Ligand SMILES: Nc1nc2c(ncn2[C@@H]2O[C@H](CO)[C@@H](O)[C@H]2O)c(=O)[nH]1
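Form solved without this ligand, single chain, as structure tokens, below.
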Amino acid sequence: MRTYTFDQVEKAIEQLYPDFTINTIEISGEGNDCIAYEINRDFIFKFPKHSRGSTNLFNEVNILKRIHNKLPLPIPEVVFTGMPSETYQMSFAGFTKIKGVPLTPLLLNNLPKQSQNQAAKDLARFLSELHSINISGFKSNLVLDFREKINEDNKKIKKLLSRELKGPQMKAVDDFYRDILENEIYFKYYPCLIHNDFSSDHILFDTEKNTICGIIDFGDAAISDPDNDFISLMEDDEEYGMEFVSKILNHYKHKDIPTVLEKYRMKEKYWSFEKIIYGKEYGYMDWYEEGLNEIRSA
């Protein structure tokens, strides 16, 4: 897990942007795969902490360039890029900063009812448009084979938990992966471009106007199941209401809400296994054990 000083940052940007003058630089945030720097108050540079993060940062750039000016909400625009470097595909990238503030669930709930309603509508419209983008020219590296994903998870966890669980408790998971793979509802969907990390901290809001005014962070975006974009928002007490998103599903014209709820219920259970897998890949020994604890409890 890599780390950067302000200087290392300034100098990587100079390297390939010799005419670019850096007046101000502060840290804008940090996630599991990039550190974000706010530069000259106008740009957001993302620097990857590992290979996977660089690949996501590469995929984000590619995707933002290709859906530029096709959506009903502003999205960041790519202006700077870095370059491959051994392991890393990307190395950094600079996006325009979209002014605005996260549509936090607290912010949302403090809003007038009509303003809550207009937000649900605007989100609905955005996803409707996003999910309608023609997907013909996307390569495979951007497609998400869900069943392959579950199959490869099932292998990683069988290896991890072989040192952690006795037979009786291990059948409970073995049973859970089987139940999943046998249920077509997860695999039989009409695939489309999805944000795939669509939640409150990536939905920007303009309090002067009282309207959503940006959508950010396309690093996970991919060709996958459109229902994933509503599941991301449904967690009560952490994300938006289970009641708010049902307003979104309704402006969107969803024809099977019970299936979304069924997929949500499964993703909720699946979270423990992702903790175990990512806890081990990042080194987060606290993610690992907490996901492990959750499983000992099945």
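Heads up: residue numbers just count along the shown sequence, starting at 1.
Omitted from view is the form deposited with this ligand bound, to which the following refers.
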In the deposited bound form, segment of 175-183, 196-204, 107-115, 151-159 with a heavy atom within 4.5 Å of this ligand: 196-204
This ligand contact at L261 in the deposited bound form, heavy atom, 4.5 Å: no
This ligand contact at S28 in the deposited bound form, heavy atom, 4.5 Å: yes
Close approach of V79 to this ligand in the deposited bound form, 4.5 Å, heavy atom: no
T96: touches this ligand in the deposited bound form, heavy atom cutoff 4.5 angstroms: yes
In the deposited bound form, the residue from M266, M242, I257, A36 that sits within 4.5 Å of this ligand by heavy atoms: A36
Partner-contacting position among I216, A119, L73, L127 - heavy atom within 4.5 Å of this ligand in the deposited bound form: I216
